[PDB]
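Chemist: Partial complex follows, first chain(s) only, in situ:
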Amino acid sequence: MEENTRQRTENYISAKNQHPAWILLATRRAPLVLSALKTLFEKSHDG
Amino acid sequence: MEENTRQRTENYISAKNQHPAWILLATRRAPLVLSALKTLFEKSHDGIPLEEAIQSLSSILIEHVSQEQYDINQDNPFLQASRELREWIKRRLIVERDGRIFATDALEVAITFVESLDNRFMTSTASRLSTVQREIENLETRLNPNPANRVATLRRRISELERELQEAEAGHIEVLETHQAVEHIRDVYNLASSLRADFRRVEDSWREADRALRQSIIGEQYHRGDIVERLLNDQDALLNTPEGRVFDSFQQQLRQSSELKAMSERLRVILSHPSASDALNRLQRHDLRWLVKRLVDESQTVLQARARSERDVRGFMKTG
Amino acid sequence: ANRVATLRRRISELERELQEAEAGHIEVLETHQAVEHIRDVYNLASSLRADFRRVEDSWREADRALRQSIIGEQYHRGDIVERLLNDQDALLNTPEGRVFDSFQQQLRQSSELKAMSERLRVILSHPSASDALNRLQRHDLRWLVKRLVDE
């Protein structure tokens, strides 16, 4: 199980520097972008 | 409706600047803190006792002292563990209670997010659709009061179960093939783990309601006769809110020791099946094995925590 | 024998409920209990689409890898056919692949999915639905099956 301990930190760091979602939530301007995007995408479901 | 969008950006800025989970996610050192806390709390049944927390967190810090780019300490991992623990407590990210520290709701949300983030075994299994279908069946068949509808539903159900009884008696019973069974096991674990999800939201709601009551009590001239009823009406108002209502309904449902006895006996056999080891590793297997005890203990803890609010009335009404 | 006994007792439970209903003691969900009972269903459904969002990516990556390896010179015609078959089978045997396969089996036995969508229509017409869920969520839960079939 010890791998699950250390390798997990590398998983999290790679997610922090790569995954778009976590990158977005970290930006200084996140809430405006997130609110605007949800407003756009809530009212229509086909694109 | 989109008039609220103006208000929604304000709501999100407020959440960004206040909610501890989001602030944590935004920090430079976020992955280290989240990994350390996940490792620490993976083994908690109650709030982990403080001393155990310090020791095990020092060991975890030792695990990652190699990462010098994060300014990790290299003279006393025990002191570093204690310092980090108090720092996190200051961040409203973990709370002391009875000397046993617990994970606030913020950390639970952050951990669930980051865990769901990566490629992994996914949240839903192949059995999720069948679960939803069964639940929809029950919900619809119970929502409508038309007695003809209910009797027809029961007639078709009873005919189907008579078919199944005849089939099984004749000997054509059927069982889950291995890879179907593993998926069902995993879905069961995922459903079950959601019960713990909100034992910490309820306590925060109690805390805030009690704080609001005491704060409004600043206008002492109100009638204490009002509070002779407000003792129950606090719970009543939070029973108009989902928190108190659903938590107390959950308590009532959980108090039915017969169904819980059935659930425990069935958990035991499902976990004794060979594919259990396939579906779930050691940690998950133990966690599910005595989920019932976890729920009972932690709900008892929540009740004994709301006991302080129960005493709030004696701290308000009495002015000797 | 365990299955036989379980059926023997479940049949008696539904017999008890049938006796209660025929006597006139039909019981509805308490007009507040039905509220949370509905958002519970919505929460269960909330992950079903989320997982398909990753089934999509898994298959996209499989296709891209196959296309890239086709430009690979080392492969005979037989090797490329083998790569296609084995990549598809491997993708299908992963958890998300099993999600897709179960969805496909349900499509085969379409009666149950149609019944589910009919039940959803009935559920959302109830007044309590408006209290439990805002309109967008009700819309999503109504056309869950459509969304999956499109995805």
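Modeler: Arrived safely, thanks for sending. Numbers count the residues shown, from 1 in each chain, chains lettered A, B, ... in the order given.

Chemist: quick one: residue A:16 and residue B:29 touch, right?
Modeler: No. Counting by Cβ atoms under 8 Å, no contact exists between residue A:16 and residue B:29, whose distance comes to 9.8 Å. For the C-beta atoms, the positions are set from N, CA and C on the backbone; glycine is no exception.

Chemist: Of the two, which one has the most company?
Modeler: Between residue A:16 and residue B:29, counted using other Cβ atoms under 10 Å in any protein chain shown, residue A:16 has the larger neighbour count: 21 against 11.

Chemist: In what element of secondary structure is that one found?
Modeler: The secondary structure element spanning residue A:16 is helix A:2-18 (assigned by DSSP states H and E).

Chemist: now that helix, how far from the chain's geometric center?
Modeler: Using Cα atoms, centre = their mean, to the nearest Å, the distance from the centre of helix A:2-18 to the centre of the chain it belongs to is 15 Å.

Chemist: likewise stretch A:17-30?
Modeler: Computed by Cα atoms, centre = their mean, the chain-centroid distance of stretch A:17-30 equals 5 Å.

Chemist: Include this sequence as DNA strand D:
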DNA sequence: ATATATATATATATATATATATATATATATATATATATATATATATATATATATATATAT
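Modeler: Adding DNA strand D to what we have so far:
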């Protein structure tokens, strides 16, 4: 014999100096979101030329 009153005993509360541990204000280093700039691409218009198809006079 029980009750008032005695010198000394139990033992601590308080006091001081000392160290170590923690909380704070402040300075300072690195990461960040954004402003400015040059080359690139887009589309616009103005004009020339190429092209297909036709009008007309012609070959045999």
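
Chemist: rewinding a little: the helix holding residue A:16 packs against which elements?
Modeler: Counting contacts by 3 or more Cβ pairs under 8 Å, 6 or more residues apart in numbering or on different chains; DSSP states H and E, helix A:2-18 packs against helix A:20-26, helix B:30-41, helix B:50-63, helix B:105-117.

Chemist: Distance of the residue nearest the centre of chain A relative to DNA strand D?
Modeler: The structure's chain A has its C-alpha centroid closest to residue A:21; by Cα atoms, centre = their mean the separation is 1.6 Å. Taking Cβ to the nearest atom of the strand, to the nearest Å as the measure, residue A:21 falls 14 Å from DNA strand D.

Chemist: now swap in residue A:26 and tell me
Modeler: Counting by Cβ to the nearest atom of the strand, the gap from residue A:26 to DNA strand D is 6 Å.

Chemist: In contact with the nearest residue to that residue once chain neighbours are set aside, which residues are there?
Modeler: Using Cβ to Cβ, 6 or more residues apart in numbering or on different chains and skipping residues adjacent in sequence, the residue nearest residue A:26 is residue B:26, 5.0 Å away. With contacts defined as Cβ atoms under 8 Å, 6 or more residues apart in numbering or on different chains, residue B:26 is in contact with A:25, A:26, A:30, B:16.

Chemist: could you also fit DNA strand E onto it:
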DNA sequence: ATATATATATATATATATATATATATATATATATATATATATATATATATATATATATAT
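Modeler: Putting DNA strand E together with the chains above:
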């Protein structure tokens, strides 16, 4: 007679320039975060003066 071939018209493509919007890149000012001096709190050894008290003298 039928079909050939050139001059003609018109629909389309190509060249060129203007202006605008763009992408890559540099540098800037901004914010997070770490490090530090410093003050304050927690705990401790050593000891005093104290309150409570035993043990105790004295009394009716």
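
Chemist: rewinding a little: report the inter-axis angle for the helix holding residue A:16 versus helix B:50-63.
Modeler: 70 degrees (axes from the mean of the first three to the mean of the last three Cα atoms, to 10 degrees).

Chemist: Can I get helix A:2-18 in PDB? Just the C-alpha atoms.
Modeler: Extracted in PDB, the C-alpha atoms of helix A:2-18 (Å, rounded to 0.1, in the frame of the first residue of the first chain):
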ATOM      1  CA  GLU A   2       3.000   2.300   0.500                       C
ATOM      2  CA  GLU A   3       3.100   3.200  -3.200                       C
ATOM      3  CA  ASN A   4      -0.500   4.600  -2.800                       C
ATOM      4  CA  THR A   5       1.100   7.000  -0.300                       C
ATOM      5  CA  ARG A   6       4.000   8.500  -2.100                       C
ATOM      6  CA  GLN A   7       3.000   8.100  -5.800                       C
ATOM      7  CA  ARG A   8      -0.300   9.800  -4.900                       C
ATOM      8  CA  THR A   9       1.500  13.100  -4.300                       C
ATOM      9  CA  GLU A  10       3.000  12.900  -7.800                       C
ATOM     10  CA  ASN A  11      -0.500  12.200  -9.100                       C
ATOM     11  CA  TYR A  12      -1.800  15.300  -7.300                       C
ATOM     12  CA  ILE A  13       1.100  17.500  -8.500                       C
ATOM     13  CA  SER A  14       0.700  16.300 -12.100                       C
ATOM     14  CA  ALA A  15      -3.100  17.100 -11.800                       C
ATOM     15  CA  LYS A  16      -2.300  20.500 -10.300                       C
ATOM     16  CA  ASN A  17       0.000  21.500 -13.200                       C
ATOM     17  CA  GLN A  18      -1.900  19.700 -16.000                       C
END
